[PDB]
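Asker: Below: one structure in structure tokens.
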Amino acid sequence: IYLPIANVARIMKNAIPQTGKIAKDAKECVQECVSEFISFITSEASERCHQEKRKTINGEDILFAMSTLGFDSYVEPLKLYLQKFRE
Amino acid sequence: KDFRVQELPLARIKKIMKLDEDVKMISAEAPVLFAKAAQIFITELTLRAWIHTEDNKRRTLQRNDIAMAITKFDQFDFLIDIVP
Amino acid sequence: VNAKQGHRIXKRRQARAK
Ligand code: NA
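Residue numbers (UniProt numbering), protein chains in the order written: chain A, 57 to 143; chain B, 36 to 119; chain C, 267 to 284.
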């Protein structure tokens with residue numbers, strides 16, 4: 057299961073210059089990548105929660121899993137997006 | 036901006052998370068964080084693929100531009116199996 | 267291989283096969 061390709065295409069096209077083009081096969085590929093990004097973080101967060109017999113994956117678990125797996129730079133933006141969101 | 040991110044289906048994200056064998060309950064916060072994370076990830080992935088698109092003198096970004104970027108960036112090693 | 271990711275990557279391979 058994957059995020060809608062329309063959503064993925066719009067983020068990708070913001071990333072590149074106006075002039076540029078993205079082949080559908082490169083969009084399908086980023087689609088797959090994103091699902092794997094999620095599953096890989098989730099898997100780390102989840103293995104941690106089980107060790108400390110915790111039944112919910114919380115946001116802190118995710119954020120710590122990112123940090124640990126070398127996505128530490130994602131942490132302040134995510135936190136701020138949370139603040140902003142449910143402010 | 037952030038609003039593009041608000042359009043991302045949280046249910047779809049919860050459904051992916053739930054594939055994991057050791058995940059029963061998930062806090063609401065989680066899919067939200069992933070929504071934004073998804074945006075940051077896609078952006079950096081494509082910027083980095085774009086380098087290879089241009090080195091090859093094309094204006095079209097292709098699956099092998101992605102594949103090259105995964106190999107030149109240690110943060111994308113978890114993708115080795117996805118993009119051979 | 268990224269040393270931070272390596273163990274998680276080995277596990278995920280097991281999970282996806284299943
Ligand atoms: Na690597």
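The beta carbon of each residue, even a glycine, is placed where N, CA and C say it ideally should be.
To the nearest angstrom, how far is it from the Cα of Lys50(B) to the Cα of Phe96(A)?
Answerer: Here residue 50(B) refers to the residue found at position 15 when the second sequence is read from its first residue. Here residue 96(A) refers to the residue found at position 40 when the first sequence is read from its first residue. Each residue's Cα considered, the two are about 14 Å apart.
Asker: Could you give the DSSP three-state label for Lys77(A): helix, strand or coil?
Answerer: In the first sequence, counting from the first residue as 1, residue 77(A) sits at position 21. DSSP places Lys77(A) in strand when its eight states are reduced to three.
Asker: So does the stretch 84–100 of chain B actually touch the stretch 119–133 of chain A, counting three or more Cβ pairs closer than 8 Å?
Answerer: No: fewer than three Cβ pairs fall under 8 Å.
Asker: Throw me the rounded Cβ distance for the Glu108(A) and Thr124(A) pair, which I believe falls under 8 Å.
Answerer: If you number the first sequence from 1, residue 108(A) lands on position 52. If you number the first sequence from 1, residue 124(A) lands on position 68. Incorrect: roughly 15 Å between the Cβ atoms, too far for contact.
Asker: For the ligand NA, is there a heavy atom less than 6 Å away from the beta-carbon of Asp109(B)?
Answerer: Taking the first residue of the second sequence as position 1, residue 109(B) is located at position 74. For the ligand NA, at least one heavy atom lies less than 6 Å from the Cβ of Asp109(B).
Asker: Can you grab the Cα-Cα spacing for the pair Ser129(A) / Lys69(A), in whole Å?
Answerer: Locating residue 129(A) in the first sequence gives position 73, counting from the first residue. Locating residue 69(A) in the first sequence gives position 13, counting from the first residue. Looking at the two C-alpha atoms, the distance is approximately 22 Å.
Asker: Using a Cβ-Cβ cutoff of less than 8 Å, which residues in the same chain neighbour residue 35(B) once the five nearest sequence positions on both sides are dropped?
Answerer: Here chain B covers residues 36 to 119 and nothing more, so residue 35(B) does not appear.
Asker: Here's the rule: buried if 16 or more other CB atoms are within 10 angstroms of the residue's CB, otherwise exposed. What is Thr88(B)?
Answerer: Residue numbering aside, residue 88(B) sits at position 53 when the second sequence is read from its first letter. With 16 or more other Cβ atoms within 10 Å, it is buried.
Asker: Would you say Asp116(B) touches the ligand NA, meaning its beta carbon is less than 6 Å from a heavy atom?
Answerer: Here the question's residue 116(B) lines up with position 81 in the second sequence. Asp116(B) Cβ: outside cutoff for every heavy atom of the ligand NA.
Asker: Among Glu88(A), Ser102(A), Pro60(A), which has the Cα closest to the Cα of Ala46(B)?
Answerer: Within the second sequence, residue 46(B) is the residue found at index 11, counting from 1. Nearest option by C-alpha distance: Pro60(A).
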